[PDB]
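Notes follow the structure.
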Amino acid sequence: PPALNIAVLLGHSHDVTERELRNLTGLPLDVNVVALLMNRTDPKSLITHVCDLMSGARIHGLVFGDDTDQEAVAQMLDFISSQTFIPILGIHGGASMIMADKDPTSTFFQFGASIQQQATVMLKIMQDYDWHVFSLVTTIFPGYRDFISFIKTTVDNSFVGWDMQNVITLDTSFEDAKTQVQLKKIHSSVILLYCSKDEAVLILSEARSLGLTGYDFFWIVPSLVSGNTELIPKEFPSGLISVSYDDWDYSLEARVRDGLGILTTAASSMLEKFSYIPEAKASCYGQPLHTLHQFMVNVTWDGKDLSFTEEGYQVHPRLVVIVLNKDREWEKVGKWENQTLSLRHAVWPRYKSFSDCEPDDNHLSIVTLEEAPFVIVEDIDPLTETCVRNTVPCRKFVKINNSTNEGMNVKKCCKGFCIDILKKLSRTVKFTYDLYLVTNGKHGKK
Amino acid sequence: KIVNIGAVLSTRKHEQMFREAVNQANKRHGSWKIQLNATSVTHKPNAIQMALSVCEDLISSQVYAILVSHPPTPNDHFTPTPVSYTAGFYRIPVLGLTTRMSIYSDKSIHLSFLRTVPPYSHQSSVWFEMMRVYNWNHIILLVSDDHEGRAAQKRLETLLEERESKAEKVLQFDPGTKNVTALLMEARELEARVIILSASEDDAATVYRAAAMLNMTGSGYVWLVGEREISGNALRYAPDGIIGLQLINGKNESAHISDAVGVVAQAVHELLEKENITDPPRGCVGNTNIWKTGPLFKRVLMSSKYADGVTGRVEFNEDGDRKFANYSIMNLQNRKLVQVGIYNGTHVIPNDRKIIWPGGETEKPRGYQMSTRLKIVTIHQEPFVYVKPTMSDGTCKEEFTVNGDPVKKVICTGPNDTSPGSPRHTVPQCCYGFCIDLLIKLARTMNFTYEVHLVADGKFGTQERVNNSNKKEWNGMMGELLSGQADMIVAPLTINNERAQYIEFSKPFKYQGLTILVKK
Amino acid sequence: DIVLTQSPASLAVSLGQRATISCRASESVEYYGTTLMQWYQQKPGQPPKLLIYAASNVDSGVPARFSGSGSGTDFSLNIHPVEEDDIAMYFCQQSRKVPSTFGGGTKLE
Amino acid sequence: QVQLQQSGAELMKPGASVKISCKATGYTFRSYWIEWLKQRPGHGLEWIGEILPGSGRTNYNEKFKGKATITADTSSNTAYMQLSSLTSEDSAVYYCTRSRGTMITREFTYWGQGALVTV
Ligand SMILES: *[C@@H]1O[C@H](CO)[C@@H](O)[C@H](O)[C@H]1NC(C)=O
Ligand SMILES: *[C@@H]1O[C@H](CO)[C@@H](O)[C@H](O)[C@H]1NC(C)=O
Ligand SMILES: *[C@@H]1O[C@H](CO)[C@@H](O)[C@H](O)[C@H]1NC(C)=O
Ligand SMILES: *[C@@H]1O[C@H](CO)[C@@H](O)[C@H](O)[C@H]1NC(C)=O
Ligand SMILES: *[C@@H]1O[C@H](CO)[C@@H](O)[C@H](O)[C@H]1NC(C)=O
Ligand SMILES: *[C@@H]1O[C@H](CO)[C@@H](O)[C@H](O)[C@H]1NC(C)=O
């Protein structure tokens, strides 16, 4: 049972101390670690530190965790990994940025989620809140074609019947001769945006001037634009839903423990097939029969499925859905399970865009009761988890037990004569409603 | 009041040429207090050592841009990777000269890379242009499954999207493969005969060897390859009449150096008229922030519209590449490369020489052979298609109608029951009825033969999900038609929108609707 | 490389009190919190035996009379009480830089 | 238990070539490095080279580069040292040592009997 001489390398801004890193059972193999802490990195300090670490001990792995927001550290780490044959994991900060294409001979794996997984989570939110009419605004930032193709294929193979009205690409310089017409074409309520944080400000300012931001319109943006949460520009409306990574509950000690677990488990599983474990180079200067790629597609650790995909991403990441409340801070709403999504707000509240210069009155609260053939109440179909297309959602307060007054707002589906009348009135008078069945009693008596 | 321009060149003579070019370019705009200076080094064999040498030497002198030369070694390309990474950390623009791989066009990975030679993907545009001139409209694309192959395939598909037409097939093999006859057979079975190739020298040699073995270089075959496949071993073992490409002055290092220095000097002078300008950072160690004005300088470099150049006006597209490069169109005429045309910046201008095609014909060949043996698929309906067992062995009892017309029959091979009942029982039978008479009339009129066989299961076709990958697929007759097991569905098939989206119907041969049957 | 040097080359000490040996290295042999230095004892006609690793931790299966301490570029080894075991030579090996190097040796009587 | 065994003493005319065999009989042979050492008559030690039996990777010292060759066979559990162009200064004892994969240093634990060559 040979051990692994893993080397853990972190940053000063984290409160982690070297003694805790050197102390931190249950791992299949023994792991003695070498820990050094360093501040902001540079393309020469990285290389000097890494070459020094490989001299004196046969380093067998590496766990690099940073704190800055520079997106060249990932590429430097990939280059070093492909030149020295050292399995490198990304943990936090700069290294966690997802690099799309890596060299075929590099063993660099990262913690994070790609644009496909972020798009899946956004579509899941839209389905769960019954927003089935939407548009799509993308600039010429790299990756927009992948984004659009994935969304189209996902929409074409669903049970819900998405009505994707438009696919807009603002390719000009916001000349207002074409971008203005393009943005006038949009009349839906849900808009997916894909651009860098610098272009997002301009587009949102233009949309606010045009009148596209209010109590009704909902904007959903990926983790690209809602980046560092300390810097919040003035053009972001309050209520901007975005998907990001879990920097709140995932402790750095948990991250480094999981890294050590993955490396030890992969080495242990590879020791059975071949009786030799992979090792680093003799030295950086001077002058790969089997690799670990096939041994990191299936790895299990404490019930948590830590398997990596065939491309270099996590199979089960930990995304988090965040919104920008009225206090100009990003507040966490719901998390991502192994497969499905949990939301804290069963009923989506209404957020005051900007200074809520125009208060809303078109949203009404409507109370009804079941008496066929005027109002009929049915349960929600579990096949699509959505009311069939000829009904409207409702909600009813059913108490779990009579001992306590706590209950749940069960969501059902309604239809009938009065409901057809109501939909016609909504289409004509142009208002929106919040239907719910009455709980206290029958029609009325004093 | 000085501006430096570093450059990592290969030969000392090339460094001298670079210094002289900088000194000469000092004059075209005049030599003010602003004066250009040149600092160069040479390549080194070890990537990690070079990535430190570039930082120390060039960055400690506060350079404004770096030029890379790509020395010729068996390590192929991916030589300017250490320079691009270190310089892109600080957002200092880099100009490439001879490296032509497609990976450097991706601006997510390489943040500040520009080059003056178009990559290996614009050959896709050249091929698409040549397709229109010669009216070929069916091709078989062959790809290496690597990044270069995927880039070429994506470029060609994007170009063909405008016509709203799909390429016939796109085969993908593995780099460094040994046996490819399995894929070449499936390539042979198709109608088209214009073969487009995109692979390295070793793969080109192997596919040429397999083509020679399988005798796929006769009349009607047209080959259409890139620049790599007409060098080295690929040109050593190449069937005649193969049409390649080339780049004019693409290996003229001195010309490229002069063009690059001119463009950089003009861009710097254009930038000097603007304000809010800082100075590049000094030293590899101790500085972590990016260059504040690096993106602005790169935008200025991208926006340049040069006029006076050795290869003409040089302008950069959106990805930071070269536009309007003059290629050459060659032909392998008896194991010799002879020019048969030149590709203008945006059109094709043929030469006066003779184009000897692989067979030897002096007339342009068209490769599109229609399949005159169709595979019909049909089902057991009540009044349209009857199914009857054979008499003794593959023969049908010849009955008579009441009108004196002998019943026309044709042997249809199909199963007895479904999979749960009959796992595998395929026996010949006898088919006759209405649709069979229609099929015989059509076959007589259009001059083609046929082979009638029944459908494996008993459904006309609907779209239903599969458990894994969460995707919808067709079944029944439609699934047999789309998968290639059939060519024509002669059966009582309804016309509706869901099927019309994926296949093309004909004018109806029967009009009717739905009704209810009850017991009386 | 690193060049070691042991002084004195030959030592004669009476039985009972103590014995001290030093081995000064040319460059610092500290590797991120653990100094790299080992001591050997080789009886004539036999392979050497490992005594101390990491310059401060004793090897299992050896009498407690053997000890070592030091830091940086200077290390020392002292034994007490002197007995009939300290008759062979001793060596110091560094493992900071490849290739590994050995000392000059020192006998006792 | 881990035990290592070598060949006998060697004595040839100057200018010949000799082989020294080291056999491992106590562990999984395809998992641990095998180092070679040279001992002159009681005035020091040096380092020759190492071989990983599993993957076959080999490292050498600069002084002994091009003079000695290390080859190992995964079937016979043997490690072969290939000396070339012996001279008057090659009369020394040769050991094969193997560490244990449990510590952060690179120490020598299990030692061979050693073979003495004379020219
Ligand atoms: C990194 O460490 C110190 C202490 O945290 C910090 O103040 C300084 O920026 C850096 N020091 C050195 C020597 O790099
Ligand atoms: C991974 O290996 C375990 C071994 O217990 C097995 O149960 C599981 O099915 C494997 N998963 C895959 C995807 O092969
Ligand atoms: C994992 O996913 C399955 C399927 O959705 C679900 O039944 C199970 O509760 C999930 N496990 C956890 C821990 O959420
Ligand atoms: C000018 O370039 C030369 C390279 O030949 C270099 O040695 C010198 O230091 C540079 N001077 C300035 C002021 O940049
Ligand atoms: C070889 O070429 C001839 C050309 O006449 C062709 O008929 C034959 O089928 C080829 N060989 C094979 C095995 O296909
Ligand atoms: C070469 O390319 C340039 C484009 O810059 C074009 O103007 C010129 O006509 C070309 N030369 C030809 C077509 O002979």
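By convention here, the chains of the structure tokens are called A, B, ... in the order presented, each chain's residues are numbered starting at 1, and ligands are numbered starting at 1 in the order presented.
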
> Can you tell me, as a VMD selection string, what residues are no more than 9 Å from stretch 77-90 of chain C when counting only C-alpha atoms, ignoring any on the same chain fewer than 3 positions away?
Replying inline: chain C and resid 13 to 23 39 to 44 48 55 65 to 70 103 to 109

> If you count only C-alpha atoms, which residues fall within 9 Å of residue D:37, apart from same-chain ones fewer than 2 positions away, as a VMD selection string?
Replying inline: chain D and resid 35 39 45 to 49 93 to 97

Generate the output file for the selected residues, C-alpha atoms, as a PDB file, in the first residue's frame.
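Generated output (selection-v9.pdb):
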```pdb
ATOM      1  CA  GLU D  35      18.165   2.171  -6.997  1.00  0.00           C
ATOM      2  CA  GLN D  39      30.865   1.919  -2.889  1.00  0.00           C
ATOM      3  CA  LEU D  45      29.146   6.564  -1.893  1.00  0.00           C
ATOM      4  CA  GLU D  46      27.551   7.651  -5.167  1.00  0.00           C
ATOM      5  CA  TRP D  47      24.357   7.101  -7.167  1.00  0.00           C
ATOM      6  CA  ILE D  48      24.030   5.325 -10.519  1.00  0.00           C
ATOM      7  CA  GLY D  49      20.405   5.081 -11.623  1.00  0.00           C
ATOM      8  CA  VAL D  93      30.968  -3.037  -4.620  1.00  0.00           C
ATOM      9  CA  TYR D  94      27.504  -2.638  -6.151  1.00  0.00           C
ATOM     10  CA  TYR D  95      24.279  -2.654  -4.125  1.00  0.00           C
ATOM     11  CA  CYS D  96      20.610  -2.695  -5.076  1.00  0.00           C
ATOM     12  CA  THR D  97      18.363  -0.862  -2.610  1.00  0.00           C
TER      13      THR D  97
END
```

>> Taking 6 positions as the minimum chain separation for residues in the same chain, which residues sit within 6 Å of stretch 66-71 of chain B when counting only C-alpha atoms? Answer as a PyMOL selection string.
In response: chain B and resi 6-10+94-97

If you keep N, CA and C atoms, can you produce a file of those selected residues as an mmCIF file, in the first residue's frame?
```
data_model
loop_
_atom_site.group_PDB
_atom_site.id
_atom_site.type_symbol
_atom_site.label_atom_id
_atom_site.label_comp_id
_atom_site.auth_asym_id
_atom_site.auth_seq_id
_atom_site.Cartn_x
_atom_site.Cartn_y
_atom_site.Cartn_z
ATOM 1 N N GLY B 6 8.683 43.659 -29.484
ATOM 2 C CA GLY B 6 9.417 42.417 -29.390
ATOM 3 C C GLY B 6 9.026 41.431 -30.472
ATOM 4 N N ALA B 7 9.864 40.413 -30.654
ATOM 5 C CA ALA B 7 9.624 39.418 -31.696
ATOM 6 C C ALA B 7 10.476 38.192 -31.420
ATOM 7 N N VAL B 8 9.851 37.019 -31.398
ATOM 8 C CA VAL B 8 10.544 35.760 -31.127
ATOM 9 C C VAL B 8 10.718 35.054 -32.470
ATOM 10 N N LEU B 9 11.842 35.314 -33.127
ATOM 11 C CA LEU B 9 12.111 34.785 -34.454
ATOM 12 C C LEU B 9 13.086 33.614 -34.388
ATOM 13 N N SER B 10 13.248 32.946 -35.529
ATOM 14 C CA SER B 10 13.967 31.679 -35.596
ATOM 15 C C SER B 10 15.446 31.842 -35.935
ATOM 16 N N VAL B 94 -0.519 39.786 -29.665
ATOM 17 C CA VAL B 94 0.472 38.932 -30.309
ATOM 18 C C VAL B 94 0.084 38.758 -31.771
ATOM 19 N N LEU B 95 1.067 38.852 -32.665
ATOM 20 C CA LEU B 95 0.851 38.684 -34.098
ATOM 21 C C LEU B 95 1.547 37.411 -34.553
ATOM 22 N N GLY B 96 0.774 36.472 -35.105
ATOM 23 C CA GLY B 96 1.353 35.273 -35.665
ATOM 24 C C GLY B 96 1.739 35.451 -37.117
ATOM 25 N N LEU B 97 2.662 34.612 -37.582
ATOM 26 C CA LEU B 97 3.176 34.755 -38.939
ATOM 27 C C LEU B 97 2.899 33.545 -39.817
#
```

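Using only C-alpha atoms and all ligand atoms for every distance, the candidate list A:41, A:179, A:404, A:209 yields A:41 as the residue closest to ligand 1.
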
> Could you write out as a PyMOL selection string the residues of chain C within 12 Å of chain D, counting only C-alpha atoms?
Replying inline: chain C and resi 1+3-6+9+29-40+42-55+59+88-107

> Can you list, as a list in words, every protein, DNA or RNA residue that comes within 9 Å of residue B:306 when you count only C-alpha atoms, leaving out same-chain residues fewer than 6 positions away?
Replying inline: residues 262, 263, 266, 312, 313, 314 and 315 of chain B

Give me, as JSON lines, the closest atom pair and its distance (Å, one decimal) for every residue of chain A within a cut-off of 7 Å of chain D, counting only C-alpha atoms, rows sorted by chain and rising number.
```
{"residue": "A:2", "atom": "CA", "partner": "D:101", "partner_atom": "CA", "distance": 4.4}
{"residue": "A:3", "atom": "CA", "partner": "D:102", "partner_atom": "CA", "distance": 5.3}
{"residue": "A:5", "atom": "CA", "partner": "D:104", "partner_atom": "CA", "distance": 6.8}
{"residue": "A:57", "atom": "CA", "partner": "D:104", "partner_atom": "CA", "distance": 6.4}
{"residue": "A:275", "atom": "CA", "partner": "D:31", "partner_atom": "CA", "distance": 5.5}
{"residue": "A:276", "atom": "CA", "partner": "D:31", "partner_atom": "CA", "distance": 4.8}
```

Export of prior selection with N, CA, C and O atoms as a short mmCIF file (atom, residue, chain, number, x, y, z; two decimals), in the first residue's frame:
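Contents of out_38.cif, as written:
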```cif
data_model
loop_
_atom_site.label_atom_id
_atom_site.label_comp_id
_atom_site.auth_asym_id
_atom_site.auth_seq_id
_atom_site.Cartn_x
_atom_site.Cartn_y
_atom_site.Cartn_z
N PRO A 2 1.41 1.63 -1.15
CA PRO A 2 2.16 2.89 -1.23
C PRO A 2 1.24 4.09 -1.05
O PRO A 2 0.05 4.04 -1.37
N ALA A 3 1.81 5.17 -0.53
CA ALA A 3 1.07 6.39 -0.27
C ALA A 3 1.21 7.36 -1.44
O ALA A 3 1.98 7.14 -2.37
N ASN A 5 1.94 11.46 -2.41
CA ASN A 5 2.51 12.71 -1.90
C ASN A 5 1.81 13.90 -2.55
O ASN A 5 2.42 14.72 -3.24
N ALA A 57 10.75 15.42 -3.73
CA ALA A 57 9.72 14.40 -3.45
C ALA A 57 8.99 14.04 -4.74
O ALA A 57 8.81 14.94 -5.58
N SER A 275 -0.01 -2.52 -11.66
CA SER A 275 0.58 -2.47 -10.33
C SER A 275 1.47 -1.25 -10.10
O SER A 275 2.23 -1.24 -9.12
N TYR A 276 1.40 -0.23 -10.95
CA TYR A 276 2.19 0.99 -10.78
C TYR A 276 1.28 2.20 -10.83
O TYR A 276 0.33 2.25 -11.62
#
```

>> Would you mind listing, as a ChimeraX atom specification, all residues of chain A that have at least one atom within 12 Å of chain C, where only C-alpha atoms are what counts?
In response: /A:7-9,18-19,22,33-37,49,52-58,282-283

> Got a sec to tell me which of stretch 206-376 of chain A DSSP assigns to helix (DSSP H, G or I), as an NGL selection string?
Replying inline: :A and (206-210 or 252-273 or 293-295)

Just write the chosen residues, N, CA, C and O atoms, as a short mmCIF file (atom, residue, chain, number, x, y, z; two decimals), in the first residue's frame.
```cif
data_model
loop_
_atom_site.label_atom_id
_atom_site.label_comp_id
_atom_site.auth_asym_id
_atom_site.auth_seq_id
_atom_site.Cartn_x
_atom_site.Cartn_y
_atom_site.Cartn_z
N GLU A 206 -30.59 50.17 -22.75
CA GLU A 206 -31.41 50.35 -23.95
C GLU A 206 -32.81 49.79 -23.74
O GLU A 206 -33.80 50.43 -24.13
N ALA A 207 -32.92 48.61 -23.13
CA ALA A 207 -34.24 48.01 -22.92
C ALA A 207 -35.06 48.82 -21.93
O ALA A 207 -36.28 48.97 -22.11
N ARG A 208 -34.43 49.34 -20.87
CA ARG A 208 -35.16 50.20 -19.94
C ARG A 208 -35.70 51.44 -20.65
O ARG A 208 -36.85 51.84 -20.43
N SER A 209 -34.89 52.06 -21.51
CA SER A 209 -35.37 53.22 -22.25
C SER A 209 -36.53 52.84 -23.16
O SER A 209 -37.52 53.58 -23.27
N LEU A 210 -36.44 51.69 -23.83
CA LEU A 210 -37.51 51.24 -24.71
C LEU A 210 -38.78 50.86 -23.96
O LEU A 210 -39.86 50.84 -24.55
N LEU A 252 -14.27 25.51 2.08
CA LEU A 252 -13.01 25.18 1.41
C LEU A 252 -12.41 23.90 1.96
O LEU A 252 -11.75 23.16 1.21
N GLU A 253 -12.60 23.62 3.24
CA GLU A 253 -12.14 22.35 3.79
C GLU A 253 -12.87 21.18 3.15
O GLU A 253 -12.27 20.14 2.86
N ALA A 254 -14.18 21.33 2.92
CA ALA A 254 -14.90 20.29 2.20
C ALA A 254 -14.35 20.13 0.79
O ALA A 254 -14.21 19.00 0.30
N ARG A 255 -14.02 21.24 0.13
CA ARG A 255 -13.46 21.15 -1.22
C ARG A 255 -12.14 20.38 -1.24
O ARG A 255 -11.95 19.49 -2.07
N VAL A 256 -11.23 20.70 -0.33
CA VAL A 256 -9.93 20.03 -0.34
C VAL A 256 -10.05 18.58 0.09
O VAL A 256 -9.33 17.72 -0.43
N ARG A 257 -10.96 18.27 1.02
CA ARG A 257 -11.19 16.88 1.39
C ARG A 257 -11.74 16.09 0.21
O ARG A 257 -11.32 14.95 -0.02
N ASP A 258 -12.67 16.67 -0.55
CA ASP A 258 -13.20 15.97 -1.72
C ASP A 258 -12.13 15.78 -2.79
O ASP A 258 -12.10 14.74 -3.46
N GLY A 259 -11.25 16.77 -2.96
CA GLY A 259 -10.16 16.60 -3.90
C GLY A 259 -9.24 15.45 -3.53
O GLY A 259 -8.90 14.61 -4.36
N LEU A 260 -8.85 15.40 -2.25
CA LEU A 260 -8.01 14.30 -1.80
C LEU A 260 -8.72 12.97 -1.97
O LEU A 260 -8.10 11.97 -2.37
N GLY A 261 -10.02 12.93 -1.69
CA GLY A 261 -10.77 11.70 -1.87
C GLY A 261 -10.79 11.23 -3.31
O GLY A 261 -10.58 10.04 -3.59
N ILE A 262 -11.02 12.15 -4.25
CA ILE A 262 -11.07 11.76 -5.66
C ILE A 262 -9.72 11.24 -6.12
O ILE A 262 -9.62 10.21 -6.80
N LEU A 263 -8.64 11.96 -5.78
CA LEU A 263 -7.32 11.53 -6.23
C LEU A 263 -6.95 10.18 -5.65
O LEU A 263 -6.47 9.29 -6.37
N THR A 264 -7.18 9.98 -4.35
CA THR A 264 -6.86 8.70 -3.73
C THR A 264 -7.70 7.57 -4.30
O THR A 264 -7.18 6.47 -4.55
N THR A 265 -9.00 7.80 -4.52
CA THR A 265 -9.85 6.75 -5.06
C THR A 265 -9.43 6.37 -6.47
O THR A 265 -9.39 5.18 -6.82
N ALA A 266 -9.10 7.36 -7.31
CA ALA A 266 -8.67 7.05 -8.67
C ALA A 266 -7.36 6.28 -8.67
O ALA A 266 -7.20 5.30 -9.41
N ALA A 267 -6.40 6.69 -7.84
CA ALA A 267 -5.14 5.95 -7.76
C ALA A 267 -5.36 4.53 -7.26
O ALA A 267 -4.74 3.59 -7.77
N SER A 268 -6.24 4.35 -6.27
CA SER A 268 -6.50 3.01 -5.75
C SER A 268 -7.15 2.12 -6.81
O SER A 268 -6.78 0.95 -6.94
N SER A 269 -8.12 2.65 -7.55
CA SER A 269 -8.75 1.86 -8.59
C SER A 269 -7.79 1.55 -9.73
O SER A 269 -7.93 0.51 -10.38
N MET A 270 -6.82 2.42 -9.98
CA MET A 270 -5.83 2.16 -11.02
C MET A 270 -4.74 1.21 -10.57
O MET A 270 -4.08 0.59 -11.41
N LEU A 271 -4.52 1.09 -9.26
CA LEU A 271 -3.49 0.18 -8.77
C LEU A 271 -3.86 -1.28 -9.01
O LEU A 271 -2.97 -2.13 -9.12
N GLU A 272 -5.16 -1.60 -9.07
CA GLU A 272 -5.56 -2.98 -9.32
C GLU A 272 -5.27 -3.39 -10.76
O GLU A 272 -4.70 -4.47 -11.00
N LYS A 273 -5.64 -2.56 -11.73
CA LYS A 273 -5.45 -2.91 -13.13
C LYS A 273 -3.97 -3.05 -13.47
O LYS A 273 -3.54 -4.08 -14.01
N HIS A 293 -7.61 9.01 -17.26
CA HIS A 293 -8.90 9.45 -17.80
C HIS A 293 -9.96 8.38 -17.65
O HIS A 293 -11.11 8.68 -17.31
N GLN A 294 -9.61 7.12 -17.89
CA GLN A 294 -10.58 6.04 -17.80
C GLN A 294 -10.95 5.68 -16.37
O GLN A 294 -11.94 4.96 -16.16
N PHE A 295 -10.20 6.16 -15.38
CA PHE A 295 -10.44 5.81 -13.98
C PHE A 295 -11.12 6.93 -13.20
O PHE A 295 -11.29 6.79 -11.99
#
```
